[PDB]
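Coordinates as given in my_file09.txt (compact mmCIF, C-alpha atoms):
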# COMPACT_ATOMS: atom_id res chain seq x y z
CA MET A 22 0.00 0.00 0.00
CA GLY A 23 2.45 2.62 1.18
CA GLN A 24 5.50 3.35 -0.95
CA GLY A 25 7.78 2.55 1.94
CA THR A 26 7.54 1.11 5.42
CA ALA A 27 9.55 2.77 8.16
CA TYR A 28 10.51 0.88 11.31
CA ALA A 29 8.76 3.50 13.45
CA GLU A 30 5.73 3.50 11.13
CA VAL A 31 5.35 -0.27 11.22
CA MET A 32 5.62 -0.48 15.00
CA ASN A 33 3.46 2.59 15.55
CA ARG A 34 0.51 0.94 13.82
CA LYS A 35 1.18 -2.39 15.56
CA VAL A 36 1.49 -0.80 19.00
CA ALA A 37 -1.73 1.17 18.58
CA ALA A 38 -3.55 -2.04 17.67
CA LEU A 39 -1.69 -3.88 20.41
CA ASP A 40 -3.13 -1.56 23.05
CA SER A 41 -6.71 -1.98 21.79
CA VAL A 42 -6.57 -5.71 20.91
CA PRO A 43 -7.28 -8.45 23.53
CA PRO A 44 -4.20 -10.16 25.12
CA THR A 45 -5.35 -13.37 23.48
CA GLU A 46 -4.37 -12.05 20.04
CA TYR A 47 -1.02 -10.83 21.41
CA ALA A 48 0.56 -14.04 20.14
CA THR A 49 -0.38 -12.98 16.66
CA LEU A 50 1.22 -9.56 17.05
CA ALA A 51 4.25 -10.99 18.84
CA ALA A 52 5.08 -12.93 15.71
CA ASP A 53 5.02 -9.68 13.72
CA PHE A 54 7.30 -7.96 16.21
CA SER A 55 9.64 -10.93 15.95
CA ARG A 56 9.48 -10.54 12.15
CA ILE A 57 10.41 -6.89 12.62
CA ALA A 58 13.30 -7.91 14.91
CA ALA A 59 14.50 -10.35 12.24
CA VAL A 60 15.01 -7.28 10.07
CA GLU A 61 18.57 -5.93 10.30
CA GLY A 62 17.25 -2.41 10.58
CA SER A 63 15.47 -3.08 13.85
CA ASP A 64 15.96 -1.85 17.39
CA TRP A 65 15.79 -3.38 20.85
CA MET A 66 12.27 -1.96 20.79
CA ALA A 67 11.19 -4.75 18.43
CA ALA A 68 12.64 -7.30 20.84
CA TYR A 69 10.95 -5.52 23.75
CA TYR A 70 7.50 -5.82 22.20
CA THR A 71 8.11 -9.37 21.04
CA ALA A 72 8.77 -10.42 24.64
CA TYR A 73 5.96 -8.19 25.90
CA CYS A 74 3.39 -9.64 23.61
CA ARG A 75 4.25 -13.17 24.66
CA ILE A 76 4.50 -12.35 28.39
CA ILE A 77 1.12 -10.60 28.83
CA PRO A 78 -1.05 -13.65 27.77
CA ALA A 79 1.36 -15.83 29.79
CA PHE A 80 -0.30 -14.62 32.96
CA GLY A 81 -3.55 -15.99 31.61
CA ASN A 82 -1.91 -19.17 30.29
CA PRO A 83 -0.48 -21.29 33.12
CA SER A 84 -0.63 -24.23 30.72
CA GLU A 85 2.74 -23.36 29.20
CA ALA A 86 3.57 -20.00 30.74
CA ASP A 87 7.02 -21.17 31.72
CA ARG A 88 7.86 -22.52 28.26
CA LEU A 89 6.57 -19.51 26.36
CA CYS A 90 8.58 -17.23 28.62
CA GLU A 91 11.74 -18.85 27.30
CA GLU A 92 11.45 -17.15 23.90
CA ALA A 93 10.35 -13.85 25.44
CA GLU A 94 13.15 -13.93 27.97
CA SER A 95 15.65 -14.72 25.25
CA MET A 96 14.27 -11.78 23.22
CA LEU A 97 14.70 -9.54 26.27
CA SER A 98 18.29 -10.71 26.45
CA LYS A 99 18.68 -9.82 22.77
CA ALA A 100 17.44 -6.30 23.53
CA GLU A 101 20.00 -6.14 26.33
CA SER A 102 22.71 -7.30 23.91
CA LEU A 103 21.73 -4.55 21.45
CA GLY A 104 22.15 -1.89 24.08
CA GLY A 105 18.55 -1.09 24.84
CA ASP A 106 17.15 0.10 28.13
CA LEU A 107 17.88 -2.45 30.81
CA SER A 108 15.13 -1.18 33.09
CA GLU A 109 12.33 -1.63 30.55
CA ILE A 110 13.41 -5.15 29.64
CA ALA A 111 13.99 -5.97 33.30
CA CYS A 112 10.38 -5.02 33.97
CA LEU A 113 9.22 -7.52 31.35
CA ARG A 114 11.78 -10.01 32.63
CA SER A 115 10.31 -9.98 36.14
CA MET A 116 6.83 -10.48 34.72
CA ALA A 117 8.08 -13.53 32.85
CA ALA A 118 9.23 -14.99 36.17
CA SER A 119 5.88 -14.05 37.71
CA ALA A 120 3.87 -15.53 34.80
CA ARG A 121 5.63 -18.89 35.05
CA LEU A 122 5.11 -18.72 38.82
CA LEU A 123 1.32 -18.69 38.48
CA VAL A 124 1.48 -22.39 37.63
CA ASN A 125 2.64 -23.13 41.22
CA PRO A 126 2.22 -19.74 43.03
CA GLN A 127 1.59 -21.37 46.39
CA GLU A 128 4.59 -23.61 46.02
CA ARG A 129 7.51 -22.06 44.20
CA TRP A 130 6.60 -18.44 44.95
CA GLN A 131 9.45 -18.42 47.39
CA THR A 132 11.96 -18.86 44.58
CA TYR A 133 10.30 -17.18 41.56
CA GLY A 134 9.07 -14.27 43.62
CA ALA A 135 12.61 -13.71 44.82
CA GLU A 136 13.87 -13.96 41.23
CA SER A 137 11.26 -11.46 40.10
CA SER A 138 12.22 -9.12 42.94
CA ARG A 139 15.87 -9.33 41.87
CA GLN A 140 14.87 -8.52 38.30
CA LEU A 141 12.77 -5.60 39.54
CA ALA A 142 15.69 -4.36 41.60
CA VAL A 143 17.60 -4.33 38.32
CA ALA A 144 14.80 -2.28 36.75
CA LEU A 145 14.98 0.30 39.54
CA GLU A 146 18.77 0.38 39.31
CA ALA A 147 18.79 0.84 35.53
CA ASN A 148 16.11 3.55 35.55
CA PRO A 149 15.39 5.04 39.02
CA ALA A 150 12.56 7.14 37.60
CA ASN A 151 10.93 4.32 35.65
CA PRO A 152 7.15 4.31 36.34
CA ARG A 153 6.79 0.67 35.39
CA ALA A 154 9.59 -0.34 37.73
CA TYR A 155 7.79 1.31 40.66
CA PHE A 156 4.45 -0.10 39.54
CA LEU A 157 5.71 -3.64 39.53
CA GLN A 158 7.37 -3.11 42.91
CA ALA A 159 4.18 -1.63 44.26
CA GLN A 160 2.25 -4.78 43.49
CA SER A 161 5.22 -6.90 44.62
CA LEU A 162 5.17 -5.16 48.01
CA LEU A 163 1.41 -5.65 47.99
CA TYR A 164 1.82 -9.41 47.56
CA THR A 165 4.76 -9.60 49.97
CA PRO A 166 3.92 -11.15 53.37
CA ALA A 167 4.56 -8.92 56.41
CA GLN A 168 7.38 -11.22 57.56
CA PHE A 169 9.41 -9.99 54.55
CA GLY A 170 8.59 -6.39 55.34
CA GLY A 171 5.97 -6.05 52.62
CA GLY A 172 2.43 -4.73 52.82
CA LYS A 173 0.09 -2.23 51.15
CA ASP A 174 1.76 0.54 53.12
CA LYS A 175 5.10 -0.24 51.54
CA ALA A 176 3.42 -0.19 48.14
CA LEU A 177 1.94 3.28 48.74
CA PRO A 178 5.08 5.42 47.89
CA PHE A 179 5.78 3.14 44.93
CA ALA A 180 2.27 3.64 43.63
CA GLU A 181 2.80 7.37 44.04
CA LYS A 182 6.10 7.16 42.15
CA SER A 183 4.65 5.41 39.15
CA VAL A 184 1.63 7.72 38.96
CA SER A 185 3.74 10.83 39.56
CA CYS A 186 6.14 9.74 36.85
CA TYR A 187 3.37 9.25 34.23
CA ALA A 188 2.06 12.74 34.95
CA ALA A 189 5.52 14.26 34.46
CA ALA A 190 6.34 12.07 31.47
CA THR A 191 5.33 11.75 27.85
CA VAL A 192 4.92 8.73 25.62
CA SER A 193 7.40 9.20 22.85
CA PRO A 194 8.38 8.84 20.10
CA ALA A 195 4.93 7.30 19.63
CA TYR A 196 5.11 3.53 19.71
CA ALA A 197 6.59 3.74 23.22
CA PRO A 198 4.79 1.51 25.81
CA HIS A 199 1.42 2.96 26.87
CA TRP A 200 0.67 0.10 29.20
CA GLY A 201 0.85 0.29 32.98
CA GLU A 202 -0.30 3.92 33.08
CA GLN A 203 -3.94 3.13 33.88
CA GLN A 204 -3.04 0.31 36.24
CA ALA A 205 -0.66 2.40 38.34
CA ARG A 206 -3.35 4.98 38.99
CA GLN A 207 -5.82 2.26 40.01
CA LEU A 208 -3.13 0.49 41.99
CA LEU A 209 -2.63 3.44 44.34
CA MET A 210 -6.36 3.43 45.11
CA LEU A 211 -6.18 -0.30 45.73
CA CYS A 212 -3.05 0.18 47.85
CA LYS A 213 -4.75 2.71 50.10
CA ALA A 214 -7.66 0.32 50.65
CA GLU A 215 -10.96 1.42 52.25
CA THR A 216 -10.77 5.02 50.98
CA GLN A 217 -13.90 6.05 52.89
CA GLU A 218 -12.71 9.73 53.07
CA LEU A 219 -15.88 11.55 54.28
CA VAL A 220 -14.63 14.80 52.61
CA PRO A 221 -14.96 18.37 54.08
CA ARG A 222 -18.28 20.19 54.38
Will you turn the file into structure tokens for me?
Amino acid sequence: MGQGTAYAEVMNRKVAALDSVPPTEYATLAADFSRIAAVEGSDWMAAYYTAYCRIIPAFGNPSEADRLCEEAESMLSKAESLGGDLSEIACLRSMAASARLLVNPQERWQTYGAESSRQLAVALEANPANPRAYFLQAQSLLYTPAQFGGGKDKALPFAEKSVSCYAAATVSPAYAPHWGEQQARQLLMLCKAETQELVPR
């Protein structure tokens, strides 16, 4: 159709659809991102979305979540090899550990949760202002038993960080990840819990 297809143009259309389309069809789009990555003129961004697309439905697919994470994780590693943002891929990386965990979350959570936390620590280290890194930590603290020092209260400042960051940030160039923005805002409300606040009169 178009005379030429730019890398940014191709991803921009795919990302826009990716946001709107159900996570079920993510597998379909993931293949396209992989196809884009196969192209020599591709960035770590292609690898990022390839892993992302596979990882998101993984949470809803305990049947082979661990196995499907292998390709996504490898793709994340490829992005790392290219020289892409460590924090962003680390965020996906931790989710991959979490997704495979859901198969035995009451059993192996001790190990995978720790692995995810380590990966998240990497995300915070790589980008200390990363909204997604704080978001993932916020829920991690939420799901962390009190004996490990977790709790909703711990998650509160992290929820604030992610939300504050989105407000002060922009999504550029265009096909940059739009996900996590809505969730972080909701997460803070969830983190507070109750939220009766009778308001002034």
What lies within 9 Å of stretch 208-214 of chain A using only C-alpha atoms, ignoring chain neighbours under 3 positions off, as an mmCIF file with C-alpha atoms, in the frame of the given file?
data_model
loop_
_atom_site.group_PDB
_atom_site.id
_atom_site.type_symbol
_atom_site.label_atom_id
_atom_site.label_comp_id
_atom_site.auth_asym_id
_atom_site.auth_seq_id
_atom_site.Cartn_x
_atom_site.Cartn_y
_atom_site.Cartn_z
ATOM 1 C CA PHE A 156 4.450 -0.100 39.540
ATOM 2 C CA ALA A 159 4.180 -1.630 44.260
ATOM 3 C CA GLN A 160 2.250 -4.780 43.490
ATOM 4 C CA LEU A 163 1.410 -5.650 47.990
ATOM 5 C CA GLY A 172 2.430 -4.730 52.820
ATOM 6 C CA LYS A 173 0.090 -2.230 51.150
ATOM 7 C CA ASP A 174 1.760 0.540 53.120
ATOM 8 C CA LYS A 175 5.100 -0.240 51.540
ATOM 9 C CA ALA A 176 3.420 -0.190 48.140
ATOM 10 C CA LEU A 177 1.940 3.280 48.740
ATOM 11 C CA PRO A 178 5.080 5.420 47.890
ATOM 12 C CA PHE A 179 5.780 3.140 44.930
ATOM 13 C CA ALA A 180 2.270 3.640 43.630
ATOM 14 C CA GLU A 181 2.800 7.370 44.040
ATOM 15 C CA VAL A 184 1.630 7.720 38.960
ATOM 16 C CA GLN A 203 -3.940 3.130 33.880
ATOM 17 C CA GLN A 204 -3.040 0.310 36.240
ATOM 18 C CA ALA A 205 -0.660 2.400 38.340
ATOM 19 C CA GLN A 217 -13.900 6.050 52.890
#
Excluding stretch 81-98 of chain A and residues on its chain fewer than 2 positions from it, collect all residues at most 12 Å away from it, counting only C-alpha atoms, and give them as a PDB file with C-alpha atoms, keeping the file's coordinate frame.
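Output contents, as saved in around_37.pdb:
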ATOM      1  CA  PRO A  43      -7.280  -8.450  23.530  1.00  0.00           C
ATOM      2  CA  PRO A  44      -4.200 -10.160  25.120  1.00  0.00           C
ATOM      3  CA  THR A  45      -5.350 -13.370  23.480  1.00  0.00           C
ATOM      4  CA  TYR A  47      -1.020 -10.830  21.410  1.00  0.00           C
ATOM      5  CA  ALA A  48       0.560 -14.040  20.140  1.00  0.00           C
ATOM      6  CA  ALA A  51       4.250 -10.990  18.840  1.00  0.00           C
ATOM      7  CA  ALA A  52       5.080 -12.930  15.710  1.00  0.00           C
ATOM      8  CA  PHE A  54       7.300  -7.960  16.210  1.00  0.00           C
ATOM      9  CA  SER A  55       9.640 -10.930  15.950  1.00  0.00           C
ATOM     10  CA  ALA A  58      13.300  -7.910  14.910  1.00  0.00           C
ATOM     11  CA  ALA A  59      14.500 -10.350  12.240  1.00  0.00           C
ATOM     12  CA  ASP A  64      15.960  -1.850  17.390  1.00  0.00           C
ATOM     13  CA  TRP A  65      15.790  -3.380  20.850  1.00  0.00           C
ATOM     14  CA  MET A  66      12.270  -1.960  20.790  1.00  0.00           C
ATOM     15  CA  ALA A  67      11.190  -4.750  18.430  1.00  0.00           C
ATOM     16  CA  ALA A  68      12.640  -7.300  20.840  1.00  0.00           C
ATOM     17  CA  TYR A  69      10.950  -5.520  23.750  1.00  0.00           C
ATOM     18  CA  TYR A  70       7.500  -5.820  22.200  1.00  0.00           C
ATOM     19  CA  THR A  71       8.110  -9.370  21.040  1.00  0.00           C
ATOM     20  CA  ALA A  72       8.770 -10.420  24.640  1.00  0.00           C
ATOM     21  CA  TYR A  73       5.960  -8.190  25.900  1.00  0.00           C
ATOM     22  CA  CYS A  74       3.390  -9.640  23.610  1.00  0.00           C
ATOM     23  CA  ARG A  75       4.250 -13.170  24.660  1.00  0.00           C
ATOM     24  CA  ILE A  76       4.500 -12.350  28.390  1.00  0.00           C
ATOM     25  CA  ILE A  77       1.120 -10.600  28.830  1.00  0.00           C
ATOM     26  CA  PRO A  78      -1.050 -13.650  27.770  1.00  0.00           C
ATOM     27  CA  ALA A  79       1.360 -15.830  29.790  1.00  0.00           C
ATOM     28  CA  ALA A 100      17.440  -6.300  23.530  1.00  0.00           C
ATOM     29  CA  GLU A 101      20.000  -6.140  26.330  1.00  0.00           C
ATOM     30  CA  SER A 102      22.710  -7.300  23.910  1.00  0.00           C
ATOM     31  CA  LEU A 103      21.730  -4.550  21.450  1.00  0.00           C
ATOM     32  CA  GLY A 104      22.150  -1.890  24.080  1.00  0.00           C
ATOM     33  CA  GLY A 105      18.550  -1.090  24.840  1.00  0.00           C
ATOM     34  CA  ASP A 106      17.150   0.100  28.130  1.00  0.00           C
ATOM     35  CA  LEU A 107      17.880  -2.450  30.810  1.00  0.00           C
ATOM     36  CA  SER A 108      15.130  -1.180  33.090  1.00  0.00           C
ATOM     37  CA  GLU A 109      12.330  -1.630  30.550  1.00  0.00           C
ATOM     38  CA  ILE A 110      13.410  -5.150  29.640  1.00  0.00           C
ATOM     39  CA  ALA A 111      13.990  -5.970  33.300  1.00  0.00           C
ATOM     40  CA  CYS A 112      10.380  -5.020  33.970  1.00  0.00           C
ATOM     41  CA  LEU A 113       9.220  -7.520  31.350  1.00  0.00           C
ATOM     42  CA  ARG A 114      11.780 -10.010  32.630  1.00  0.00           C
ATOM     43  CA  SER A 115      10.310  -9.980  36.140  1.00  0.00           C
ATOM     44  CA  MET A 116       6.830 -10.480  34.720  1.00  0.00           C
ATOM     45  CA  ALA A 117       8.080 -13.530  32.850  1.00  0.00           C
ATOM     46  CA  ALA A 118       9.230 -14.990  36.170  1.00  0.00           C
ATOM     47  CA  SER A 119       5.880 -14.050  37.710  1.00  0.00           C
ATOM     48  CA  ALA A 120       3.870 -15.530  34.800  1.00  0.00           C
ATOM     49  CA  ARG A 121       5.630 -18.890  35.050  1.00  0.00           C
ATOM     50  CA  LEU A 122       5.110 -18.720  38.820  1.00  0.00           C
ATOM     51  CA  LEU A 123       1.320 -18.690  38.480  1.00  0.00           C
ATOM     52  CA  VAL A 124       1.480 -22.390  37.630  1.00  0.00           C
ATOM     53  CA  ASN A 125       2.640 -23.130  41.220  1.00  0.00           C
ATOM     54  CA  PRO A 126       2.220 -19.740  43.030  1.00  0.00           C
ATOM     55  CA  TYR A 133      10.300 -17.180  41.560  1.00  0.00           C
ATOM     56  CA  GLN A 140      14.870  -8.520  38.300  1.00  0.00           C
TER      57      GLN A 140
END
Exercise. Using all atoms listed in the file, which of the listed residues (A:161, A:127, A:168, A:32) sits closest to residue A:142?
Worked result: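 Residue with the minimum atom-to-atom distance to residue A:142: A:161.
Between atom CA of residue A:128 and atom CA of residue A:169 the interatomic distance comes to 16.8 Å.
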